[PDB]
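Report on one structure; see the data block that follows.
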Amino acid sequence: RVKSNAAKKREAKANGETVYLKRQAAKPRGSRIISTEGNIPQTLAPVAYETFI
Amino acid sequence: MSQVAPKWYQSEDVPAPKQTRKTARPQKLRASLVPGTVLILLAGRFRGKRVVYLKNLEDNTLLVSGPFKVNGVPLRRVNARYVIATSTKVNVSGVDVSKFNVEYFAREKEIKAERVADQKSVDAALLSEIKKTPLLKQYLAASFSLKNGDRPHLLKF
Amino acid sequence: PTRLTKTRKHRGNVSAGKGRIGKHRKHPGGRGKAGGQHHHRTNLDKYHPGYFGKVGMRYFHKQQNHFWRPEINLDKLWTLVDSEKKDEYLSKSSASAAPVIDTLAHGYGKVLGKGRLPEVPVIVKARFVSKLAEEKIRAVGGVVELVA
Amino acid sequence: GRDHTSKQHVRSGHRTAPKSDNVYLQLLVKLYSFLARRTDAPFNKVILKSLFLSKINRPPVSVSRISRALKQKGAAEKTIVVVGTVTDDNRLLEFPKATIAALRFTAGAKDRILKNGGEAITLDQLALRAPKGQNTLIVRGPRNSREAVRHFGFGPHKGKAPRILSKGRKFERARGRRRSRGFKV
Amino acid sequence: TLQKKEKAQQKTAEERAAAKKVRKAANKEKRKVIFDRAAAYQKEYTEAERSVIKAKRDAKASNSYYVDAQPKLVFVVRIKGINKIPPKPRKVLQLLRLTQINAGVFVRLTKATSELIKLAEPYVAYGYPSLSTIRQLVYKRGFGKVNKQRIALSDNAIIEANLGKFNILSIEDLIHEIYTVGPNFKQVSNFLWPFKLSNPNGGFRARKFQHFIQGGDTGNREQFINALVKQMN
Amino acid sequence: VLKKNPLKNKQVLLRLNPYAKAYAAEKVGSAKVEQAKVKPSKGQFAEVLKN
Amino acid sequence: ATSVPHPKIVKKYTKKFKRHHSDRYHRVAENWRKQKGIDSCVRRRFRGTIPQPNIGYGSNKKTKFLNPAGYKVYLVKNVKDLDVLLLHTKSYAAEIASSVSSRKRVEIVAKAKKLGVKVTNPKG
RNA sequence: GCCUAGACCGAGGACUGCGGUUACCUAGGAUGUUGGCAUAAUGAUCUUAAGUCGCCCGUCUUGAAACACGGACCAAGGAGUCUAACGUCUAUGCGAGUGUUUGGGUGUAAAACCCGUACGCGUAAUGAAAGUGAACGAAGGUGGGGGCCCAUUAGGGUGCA
RNA sequence: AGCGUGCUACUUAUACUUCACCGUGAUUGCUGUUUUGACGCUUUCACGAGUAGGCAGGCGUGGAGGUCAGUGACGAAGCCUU
Ligand SMILES: [Mg+2]
Ligand SMILES: [Mg+2]
Ligand SMILES: [Mg+2]
Ligand SMILES: [Mg+2]
Ligand SMILES: [Mg+2]
Ligand SMILES: [Mg+2]
Ligand SMILES: [Mg+2]
Ligand SMILES: [Mg+2]
Ligand SMILES: [Mg+2]
Ligand SMILES: [Mg+2]
Ligand SMILES: [Mg+2]
Ligand SMILES: [Mg+2]
Ligand SMILES: [Mg+2]
Ligand SMILES: [Mg+2]
Ligand SMILES: [Mg+2]
Ligand SMILES: [Mg+2]
Ligand SMILES: [Mg+2]
Ligand SMILES: [Mg+2]
Ligand SMILES: [Mg+2]
Ligand SMILES: [Mg+2]
Ligand SMILES: [Mg+2]
Ligand SMILES: [Mg+2]
Ligand SMILES: [Mg+2]
Ligand SMILES: [Mg+2]
Ligand SMILES: [Mg+2]
Ligand SMILES: [Mg+2]
Ligand SMILES: [Mg+2]
Ligand SMILES: [Mg+2]
Ligand SMILES: [Mg+2]
Ligand SMILES: [Mg+2]
Ligand SMILES: [Mg+2]
Ligand SMILES: [Mg+2]
Ligand SMILES: [Mg+2]
Ligand SMILES: [Mg+2]
Ligand SMILES: [Mg+2]
Ligand SMILES: [Mg+2]
Ligand SMILES: [Mg+2]
Ligand SMILES: [Mg+2]
Ligand SMILES: [Mg+2]
Ligand SMILES: [Mg+2]
Ligand SMILES: [Mg+2]
Ligand SMILES: [Mg+2]
Ligand SMILES: [Mg+2]
Ligand SMILES: [Mg+2]
Ligand SMILES: [Mg+2]
Ligand SMILES: [Mg+2]
Ligand SMILES: [Mg+2]
Ligand SMILES: [Mg+2]
Ligand SMILES: [Mg+2]
Ligand SMILES: [Mg+2]
Ligand SMILES: [Mg+2]
Ligand SMILES: [Mg+2]
Ligand SMILES: [Mg+2]
Ligand SMILES: [Mg+2]
Ligand SMILES: [Mg+2]
Ligand SMILES: [Mg+2]
Ligand SMILES: [Mg+2]
């Protein structure tokens, strides 16, 4: 990670731009759209009790 | 108490008060308080008396007359919080109340000739307008009291 | 003064700062140096090692006057020169005429060699000198004269 | 109620005034309380704190320490500041011309500074020729050279000095100080 | 001395009047800046709301499902007293600056802070605060940590003097930085003294110390944190 | 010496937020949204009613 | 308030703090003593027990030491003792010592009236 | 956005600040007015009644109101002291020295004042002892280090403890 | 007015919010206006349980040096007393 930060910093320095090297914890996910072509929702219900012995 | 002498740094000068920003604003009266409204007095000598409201003085008080002939309540001031404002109204547009103010009721038994003359002059117009409504003079001449089973939170006035 | 002691502040509190369970008994643990090998070993071993046992040989009738030999180092040797004439001696001293410092007459038995001398000849009279003390005196052009 | 993350009602643990009731030391505190409060110079804030210190926290500064501090490169004409007593050193071979401001001077110290062309001034005289401590150099004496420190942190294999009244072969040298007598610590 | 002190007071009054004239003239521009900033914040709030609404409607129309972006901010209120807390949740509550009952703090949701709040979960009620809730909190009970002292946020100069290096010049800049979790959320939320709320007007549920899901008060209530804060602030 | 609530004191509200005046002037608290009368759920979203 | 103006005087506790069981036993005087016992109901602050002195009852620093008339009271034993109250006649009142004779007490009252000093015990 | 009912509070005490309306303000803490009282309305205490709560203190104890122990009552007396030698800390005097008080001088006579040789401790340690006995160097190098010097964010120099 | 369960309102701890006052700790500033208190004045914030025990600041007693040219037979000390 030290090498990667050094490589990324010089590359941003080479391109004259900035790069952020601090690690981040996992963030909450963004918005998204769920396609339903081939994936129409299937309805589930709780199942009755059975004995299998 | 003890033997502790005052020190030189214990000053006796009284500081001035800070500049107050409590600029007074005019009194708001209840919507039911309209000149000519019949009022019920709740405290004082004339408690229970039904009287006519005439003018809002600059002292935040109400100018009131009985009329004196019907009630025995003369021209005087009352406080708005010691008054029940009923819904009965008398046309007082024909009553001249220009000369009445705070300085009229200034403290100096007997009674001024001016005050007696004003009583008669006001009561003439007041009686003239009162006669139009039947039983209004009788209503004004009768005292108010709470009967058994009277709930002031349920009664309309 | 008694008015400053904590005995005056403990008045009114039952146990006088001694505890309600432990109390202030006569001599718990013994008197004096009792139990130094059994229940006070942890104290003597930690803070006073070497306490128990014999080391070395005895010396019947030891007279400490025999071993009297106060030490003076070289950095303090010129303090025995007269204060009113020290600066003159520091200037006019040569091989032909150097100040005499009688160390025994000032109460010293041995001259030791800590520190540095002025590069100035001196005549030092001593009962004893160290090897390095005499080497430093000769280097500044001085000499050591043994006395008794 | 509060879940306290630190101890409540805790004094700073630093002296804010001298323990001494000497009125003349108070005058010096009077002067440097004003200077530290108003000059933004870090020198004046250090001096005010040093005036509070106890006797063992202001060890004497020998005239040899001042000589060695003046022998730093570019420090030969600096003003030596000692918040405490300046003592003499009869082991010096020579002393330079210097200006030294101290709480106290010994007779030998005052003689030696003035003999070599220097000045021995007080700390109030310092505040007029150097109200911000310009071109100064604070010298502190050895704190760990005290005799009481010899016995601090004593223990097995600690190498400190035992608290003992007499010294000799019969005094705390046998068991625990020698492998021939059991163990050695 | 009467005329001496009157002359000095009138002279210093004139100097103060001139300096205040100049100061107000200079500050007018700064107030225009913060006015523009607040207007822009309102505009972007409205634009984002309408954009999300439109995206939901379009996904509904186009046989799809718009999944909302996960919340980036949470408001955590300690609703439990200070007695009988195990060392690890006690340390977690101390590090969240929740050292009394009814203390509130803003937390930016990631993984480290989420696992922190999970450790303190049986002792706190938390949720996702709305913009009006943040505004009301900061306006009524907003305090700053100035030289380790709790100072009321009664003037924008205090906020500027403490957060201008983070581009916070107004109380609305601070509210925006909290709400839309900004690059300086850490400094702005740590500058904010923990909110010291009252008890709810209307009470809690019959038994607080059980999860919001099971009919209690602890855990994540999400949009009902706004009603709870309305009760308690 | 005495904290005043900007949600109660209008002068303090204008002192802290100068944009509140425009908010009041523009009736931002009751601003209408202009849009068409549409219903985009007529199709597959009726999977909510039954399945 | 005929003295230098002061805030309204507040006394947090107006009764006497009486030592526990100074009512049960004659040997126990009413002078306050703090209970130090391990089981003491008063030291443990049980509900229904007597109030105890603590720093919370301390007087307002602006009304502390002021008598009901608004003055701080200074003890006077002779006529020369009134000299320290010359510039404090509106904030300090004089109280004549009990052991001053009936002759010298008349002189103190006479000079105090001349100087404007108020006397808290003017009759005895 | 608007209207409306009630309760508690009024700390501060010339001015200083931020805003608003554009001089004034509701904007860094209550003012205005009226009535009554000053032989008193008001406040405090004591006694007592009522309501509510309140078990006997001290002690040893994990646990005492305990069916654990002392205590019928009262007054007076009544228990961490002084000394020899010491540790830490602090104040003071002098300082590589320090300590006049064993003694001598002196005296207004157990005081105060004055005097000095020795001696104690310190200034050298280590070894069982015979014995030996502290500068390679600017009294050492390295990394920090308050303060000081040169600068000009930064940077450099010097750097006591 | 029991049991299981849901709901609306309501009751009140020395707990929470705001405020007054006390103390502790910190803190802002205070000498050409420091000005007969700088061991002092002042701004601000937070906090306050406690046996054994520690420390600090105070109350009281016998006697001593100094001082009040202090009280007192025209009434000291002591004692009784809403
Ligand atoms: Mg970068
Ligand atoms: Mg009739
Ligand atoms: Mg105590
Ligand atoms: Mg104690
Ligand atoms: Mg105790
Ligand atoms: Mg006892
Ligand atoms: Mg005790
Ligand atoms: Mg003890
Ligand atoms: Mg006992
Ligand atoms: Mg014990
Ligand atoms: Mg054994
Ligand atoms: Mg001998
Ligand atoms: Mg030897
Ligand atoms: Mg040593
Ligand atoms: Mg936080
Ligand atoms: Mg309610
Ligand atoms: Mg409820
Ligand atoms: Mg609820
Ligand atoms: Mg409940
Ligand atoms: Mg319940
Ligand atoms: Mg509320
Ligand atoms: Mg009292
Ligand atoms: Mg009392
Ligand atoms: Mg009361
Ligand atoms: Mg009794
Ligand atoms: Mg117990
Ligand atoms: Mg008597
Ligand atoms: Mg006031
Ligand atoms: Mg004009
Ligand atoms: Mg205002
Ligand atoms: Mg009971
Ligand atoms: Mg027992
Ligand atoms: Mg036992
Ligand atoms: Mg038992
Ligand atoms: Mg018991
Ligand atoms: Mg039993
Ligand atoms: Mg027993
Ligand atoms: Mg028995
Ligand atoms: Mg027994
Ligand atoms: Mg018994
Ligand atoms: Mg018995
Ligand atoms: Mg003598
Ligand atoms: Mg004699
Ligand atoms: Mg000697
Ligand atoms: Mg029941
Ligand atoms: Mg139920
Ligand atoms: Mg039920
Ligand atoms: Mg409910
Ligand atoms: Mg109060
Ligand atoms: Mg201070
Ligand atoms: Mg003072
Ligand atoms: Mg508390
Ligand atoms: Mg306490
Ligand atoms: Mg005494
Ligand atoms: Mg005695
Ligand atoms: Mg005496
Ligand atoms: Mg009696």
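What is the average number of partner chain Cβ atoms found within 10 Å of a Cβ in C:40-47?
Rounded to a whole number, the mean comes out at 3.
At residue G:45 and residue E:20, where each label point lies 7 Å from the Cα along Cα→Cβ, what is the point-to-point distance in nanometres?
4.8
Quick check: net charge around residue E:214, other residues with Cβ under 15 Å of its Cβ, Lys/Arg +1 and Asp/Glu -1?
Net charge in that neighbourhood comes out at +2.
Could you please state, rounded to a whole Å, how far the C-alpha centre of segment G:52-124 is from the C-alpha centre of segment E:191-207?
53
Counting alpha carbon pairs within less than 8 Å and at least 6 residues apart, what relative contact order, in whole percent, applies to chain C?
Result for chain C is 16 percent.
With just the Cα atoms of chain F, tell me how far they stretch along each of the three principal axes, in Å, largest first.
65, 25, 12
What is the local net charge at residue E:11, summed over the other residues whose Cβ is closer than 12 Å to its Cβ (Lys, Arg +1; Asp, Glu -1)?
Summing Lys/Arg as +1 and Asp/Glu as -1 gives +1.
Taking just the alpha-carbon atoms of the protein assembly as shown, what radius of gyration and Dmax come out, in angstrom?
When restricted to the Cα atoms of the protein assembly as shown, Rg and Dmax are 46.7, 153 Å.
Among D:71, D:170, D:132, which one shows the biggest mean-square fluctuation in a GNM of chain D, springs joining Cα atoms closer than 10 Å?
Highest fluctuation of the listed residues: D:170.
For chain E, just say rounded, prolate or oblate: build the C-alpha gyration tensor, square-root its eigenvalues into a ≥ b ≥ c, call rounded for a/c under 1.5, and beyond that prolate if a/b exceeds b/c, oblate if not.
oblate
Compute the acute angle (0 to 90°) between the alpha-carbon long axis of helix G:102-115 and the principal axis of greatest extent of the alpha-carbon atoms of chain G; round to the nearest 10°.
Rounded to the nearest ten degrees, it is 70.
With +1 assigned to the C-beta of every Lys and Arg and -1 to the C-beta of every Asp and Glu, and no other charges, what is the dipole magnitude of the protein assembly as shown about the Cα centre in debye, to the nearest 20?
With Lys and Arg at +1 and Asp and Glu at -1, about 3960 debye.
Counting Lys and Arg as +1 and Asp and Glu as -1, what is the net charge of the other residues whose Cβ lies under 14 Å from the Cβ of residue A:15?
+2
Enter the angle in degrees (range 0 to 90, nearest 10) between the Cα long axis of helix D:42-51 and the first principal axis of the Cα atoms of chain D, meaning the one along which they spread out most.
For D:42-51 against chain D, the angle is about 60 degrees.
Can you give the average number of partner chain beta-carbon atoms within 10 Å of each beta-carbon in peptide F:23-35, as a whole number?
Neighbouring Cβ atoms belonging to other protein chains average 1 per residue here.
Between C:107, C:50, C:22, where does the largest GNM mean-square fluctuation fall for chain C, given springs only between Cα atoms within less than 10 Å?
Among C:107, C:50, C:22, the largest GNM mean-square fluctuation belongs to C:22.
Counting only C-alpha contacts under 8 Å and six or more residues apart, can you give the relative contact order of segment D:102-184 as a whole percent?
RCO, segment D:102-184: 12 percent.
Which pairs break 18 Å Cα to Cα here: G:62/G:114; D:158/D:184; C:76/C:114; A:27/E:230?
Checking Cα-Cα distances, G:62/G:114; A:27/E:230 exceed 18 Å.
Cα to Cα, under 27 Å, and not fewer than 8 places away if on the same chain: which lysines meet these conditions relative to residue A:13?
A:3, A:22, E:165
Can you give the Rg/Rh ratio of segment G:1-88, where Rg is from the C-alpha atoms and Rh is the Kirkwood radius?
Rg divided by Rh gives 1.14.
With θ set to phi - 60°, apply the Karplus curve 6.51 cos²θ - 1.76 cosθ + 1.60 along segment G:60-65 and write out the HN-Hα couplings as whole Hz, x wherever there is a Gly or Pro.
3J(HN,Hα) across segment G:60-65, in whole Hz: 3, 5, 8, 10, 5, 6.
So which of E:80/F:4; B:49/B:120; D:73/D:110 end up more than 21 Å apart by C-alpha?
Long pairs (Cα-Cα over 21 Å): E:80/F:4; D:73/D:110.
Which of the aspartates and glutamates could be linked to residue E:54 by a straight reach, that is with a Cα gap under 14 Å, when you skip same-chain ones fewer than 8 residues away?
Those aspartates and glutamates meeting the cut-off are E:68, F:34.
Treating cross-link reach as a plain straight distance, find the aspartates and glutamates whose alpha-carbon is under 12 Å from the alpha-carbon of residue E:208, omitting any fewer than eight places away in the same chain.
E:217
Would you tell me the mean number of C-beta atoms belonging to other protein chains that fall within 10 Å of each C-beta in B:2-11, as a whole number?
Taking all residues of B:2-11 together, the mean is 5.
Quick one: grab the alpha carbon gyration tensor of chain D, order the square roots of its eigenvalues as a ≥ b ≥ c, and give me rounded if a/c is under 1.5, else prolate or oblate depending on whether a/b is larger than b/c.
oblate
Are any of the pairs E:91/E:118; B:18/E:20; B:18/F:3; A:9/E:145; B:18/E:7 more than 24 Å apart by Cα-Cα distance, and if so, which?
Too far apart for the 24 Å limit: A:9/E:145.
Given the options C:137, C:72, C:21, state which has the largest fluctuation in a GNM of chain C using a 10 Å cut-off (strictly under) for Cα springs.
C:21
Calculate the length of the line joining the C-alpha centroid of segment D:58-115 to that of segment D:137-185, in whole Å.
32
Relative contact order, percent, of chain E when contacts are C-alpha pairs under 8 Å separated by at least 6 residues?
Taking the mean separation of contacting Cα pairs over the length of chain E, I get 21 percent.
Are there GluC sites (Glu not before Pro) in segment D:93-185 that DSSP puts in a loop and that have at most 12 other Cβ atoms within 10 Å, and which ones?
Answer in residue order: D:94.
Can you grab the distance from the C-alpha centre of segment B:94-127 to the C-alpha centre of segment C:1-37, Å, no decimals?
Between the Cα centres of segment B:94-127 and segment C:1-37 lies a distance of 94 Å.
Here Cβ is always computed from backbone atoms with ideal geometry, including for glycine, and neighbour counts include all displayed protein chains. Values in this text are rule-based calculations from the coordinates and carry no lab data.
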